[PDB]
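Visitor: This is the structure I want to talk about, given as structure tokens.
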Amino acid sequence: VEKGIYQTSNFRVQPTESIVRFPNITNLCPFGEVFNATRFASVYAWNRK
Amino acid sequence: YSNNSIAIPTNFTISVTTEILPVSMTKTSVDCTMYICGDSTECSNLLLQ
């Protein structure tokens, strides 16, 4: 390589730790029954929840 | 005009005028992979592919 200036690569500084956050809630969502409901709706009139 | 009628100037003037010219457009440099890839792991490999 001859004399001069050359841009080798980038300088994307790495992160030092991870941080995750969320809504301050503890409620569950009523799924299992919906998937196992013996009382189930019809198709031409499907239910939205 | 006529075949024997010349015109001659007697008083003169100076009129300093401007003549603007570009020299250097803003020397820009765009990172090859920082723009295209948001510095990720699979995308960068897919790029160098």
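Visitor: Please state, as a whole number in µm²/s, the translational diffusion coefficient that the Stokes-Einstein equation yields for chain B at 10 °C and 1.306 mPa s, with Rh defined as the Kirkwood radius across alpha carbon pairs.
Guide: Numbers: Rh = 18.1 Å.
Rounded, D is 88 µm²/s.
Visitor: What FRET efficiency comes out for A:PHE31 versus B:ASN45 if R0 is 25 angstrom and r is the Cβ-Cβ distance? Round to the nearest 0.05.
Guide: Working: r = 37 Å, r/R0 = 1.48.
Efficiency at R0 = 25 Å is approximately 0.10.
Visitor: Let me ask something else. Classify the protein assembly as shown as rounded, prolate or oblate from the Cα gyration tensor: take a ≥ b ≥ c as the square roots of its eigenvalues, call it rounded if a/c is under 1.5, otherwise prolate when a/b beats b/c and oblate if not. Please report the intermediate quantities before stating the final value.
Guide: On the way: a/c = 4.50, a/b = 2.39, b/c = 1.88.
Prolate is the answer for the protein assembly as shown, as a/c is 1.5 or above and a/b outweighs b/c.
Visitor: What ³J(HN,Hα) values, in whole Hz, does the Karplus curve 6.51 cos²θ - 1.76 cosθ + 1.60 give for the range A:26-33 when θ = phi - 60°, with x put for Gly and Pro?
Guide: Listing the rounded values in order: 10, 7, 9, 10, x, 9, x, 5 Hz.
Visitor: Moving on. To the nearest 20 debye, what charge dipole does chain A have about its Cα centre, counting +1 at the Cβ of each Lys and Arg and -1 at the Cβ of each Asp and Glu?
Guide: Details: 6 positive and 3 negative charges, 45 e Å.
The dipole of chain A has a size of about 220 debye.
Visitor: Please report, for the Cα atoms of chain A, the Rg to one decimal and the Dmax as a whole number; what are they, in angstrom?
Guide: Both quantities, over Cα of chain A: 27.9, 80 Å.
Visitor: What is the gain in length, in nm to one decimal, between A:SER42 and A:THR8 on full extension, counting 0.36 nm per residue of separation less the C-alpha to C-alpha distance? The partial results should precede the final answer.
Guide: Numbers: separation 34, 0.36 × 34 = 12.24 nm, distance 6.38 nm.
Going from the current span to full extension adds 5.9 nm.
So basically every Cβ, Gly included, is an ideal-geometry build from the backbone, and we count neighbours across all protein chains shown. Bear in mind that the values in this text are calculations on the coordinates, not laboratory data.
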